[PDB]
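Okay, so here's just one chain, in structure tokens, the form solved without the ligand.
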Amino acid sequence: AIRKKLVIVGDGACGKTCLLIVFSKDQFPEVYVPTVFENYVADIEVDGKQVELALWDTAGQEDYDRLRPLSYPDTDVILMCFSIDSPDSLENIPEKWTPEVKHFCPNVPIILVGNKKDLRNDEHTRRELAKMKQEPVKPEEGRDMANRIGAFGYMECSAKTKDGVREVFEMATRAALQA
């Protein structure tokens, strides 16, 4: 089992902490959802290759530009997250996060991940977004942004229901394994 490193980046409300928790526990916490994620080493077998994938979060580091890059050394794959119920978190991807991740992690594959896809057909979400003249991110808007920033791929998932979560991390392992 080779060792690879994964770092999740994105705005505070992109749902990156919850994605790391649901993946590591293989369950959406029934009794208590933790506020923080420390670290985890996942045993993943993708395409017949066994990998030890270390998972890291950047939550809490968004306002601290000199503390935050300390999470980047030797990263093998970046999960660049945004929330499907938040068109604003998608806007910050090519402006702030992509130039930072390409400067500290040159040549590292990036997977643009659209979180909270369950809210794309949630009525409370649709009514709330209309007050600010917005609507949920469409799957093609995500694909276009992923193409624009030169991401390795574009994927979607829902931490609430676990749908698409295993595939995100299995594709990250595949990307981390490539030259």
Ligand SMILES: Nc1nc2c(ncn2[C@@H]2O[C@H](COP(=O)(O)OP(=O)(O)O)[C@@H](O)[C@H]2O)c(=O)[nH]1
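Each residue number is its position in the shown sequence, starting from 1.
Across the two stretches, 36-44 and 125-133, the PDB entry reports the greater mean Cα temperature factor for 125-133.
Higher mean CA B-factor, judged across 90-98 and 73-81 from the recorded values: 90-98. Ranking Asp26, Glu52, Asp57, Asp144 by Cα temperature factor from the entry places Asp26 first. When the modelled residues of the chain are ordered by C-alpha B-factor, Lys116 sits in the middle third. When all modelled residues of the chain are sorted by CA temperature factor, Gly153 is found within the lowest third.
Placement of the Cα temperature factor of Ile2 within the chain: highest third of the modelled residues, per the deposited record.
Ranked by Cα temperature factor within the chain, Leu177 sits in the middle third according to the deposited record. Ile21: CA B factor in the lowest third of modelled residues in this chain (values from the PDB entry).
As for the form solved in complex with the ligand, it is not shown, yet the points below apply to it.
In the bound PDB entry, the ligand sits beyond 4.5 Å of every heavy atom of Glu128. Contact check for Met155: no non-hydrogen atom falls within 4.5 Å of the ligand in the bound PDB entry. For the stretch 121-151, the set of residues having any non-hydrogen atom within 4.5 angstroms of the ligand in the bound PDB entry is empty.
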